[PDB]
Amino acid sequence: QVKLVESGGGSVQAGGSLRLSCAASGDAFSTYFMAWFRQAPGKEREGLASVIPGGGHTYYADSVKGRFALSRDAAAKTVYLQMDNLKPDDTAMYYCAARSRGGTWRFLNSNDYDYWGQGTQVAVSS
């Protein structure tokens, strides 16, 4: 198992940039699918991006394509979500989640991830 701690939440003006990080504690960092989710007020948790072990490919939800970029630093056991051109509707609690076990499952579905961080909040002002 892996323990996840997100950082970087804060305020940003519309049109600005903000970067979130998640530090993963545990043995086999490179074996985990690592994903970012968000929960906006009064909506269900939305999957945003998922990196495949090896980082060779990364999937993005249509709502964040071209603006959000997910990366890994395996030596630092850290995953990063760079958000550019933020909009008021990106205001949400952001979560990082992880899964290593195989099988049949869906990469942007919150219900299929095993390990969760605590959340970090982003607020976009105008």
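Index from 1, following the sequence.
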Which residues end up grouped with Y80 if you chain together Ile, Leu, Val, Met, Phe, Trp and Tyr wherever their side-chain heavy atoms are less than 4.5 Å apart?
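When side chains under 4.5 Å apart are linked, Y80 ends up in no cluster with other residues.
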
Which hydrophobic side chains are connected to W105, either touching it within the sub-4.5 Å cutoff or through other members that do?
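For the cluster that includes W105, the remaining residues are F33, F37, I52, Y59, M93, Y95, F107, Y113, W116.
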
Which residues satisfy the side-chain hydrogen bond (donor to acceptor under 3.5 Å, both in side chains) test with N109, sequence neighbours excluded?
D112

Sequence neighbours left out, what passes side-chain hydrogen bond (donor to acceptor under 3.5 Å, both in side chains) with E46? Give chain and number order.
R38, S63

Quick test of your reading: applying salt bridge (charged side-chain N to carboxylate O under 4.0 Å, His left out), list the pairs with at least one residue in [range], sequence neighbours left out, ordered by first then second residue.
range	value
residues 71-89	none
residues 115-126	none
residues 7-24	none

For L70 and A49, work out which heavy atoms get closest and say how close.
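That would be CD2-CB, 3.6 Å.
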
For the residue pair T78 and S21, what are the closest heavy atoms and their distance?
CG2-CB, 4.2 Å

State yes or no: do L108 and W36 share one hydrophobic cluster built from I, L, V, M, F, W and Y residues joined by side-chain heavy-atom distances below 4.5 Å, directly or via other members?
no

Between [atom1] of [X] and [atom2] of [Y], what distance do you get to the nearest 0.5 Å?
X	Y	atom1	atom2	answer
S71	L81	OG	CG	8.5 Å
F68	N85	CZ	CG	9.5 Å
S126	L86	OG	CG	13.0 Å
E6	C22	CD	SG	4.5 Å

Within the 4.5 Å heavy-atom criterion, are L20 and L18 side-chain neighbours or not?
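Yes. Closest side-chain heavy atoms under 4.5 Å.
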
pair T120-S7: side-chain heavy atoms closer than 4.5 Å
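Of all side-chain heavy-atom pairs linking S7 with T120, none is under 4.5 Å.
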
Using the salt bridge (charged side-chain N to carboxylate O under 4.0 Å, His left out) criterion, which residues pair with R67? Sequence neighbours excluded.
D90

For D114, all residues meeting salt bridge (charged side-chain N to carboxylate O under 4.0 Å, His left out), sequence neighbours excluded:
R101

Would one find more than 12 heavy atoms of other residues, nucleotides or ligands at under 6.0 Å from atom CG of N111?
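Atom CG in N111 is packed in, count exceeds 12.
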
Would you please name every residue forming a side-chain contact (heavy atoms from CB on, under 4.5 Å) with [X], sequence neighbours left out?
X	answer
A98	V2, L4, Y32, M34, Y115
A40	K43, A92
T31	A28, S100

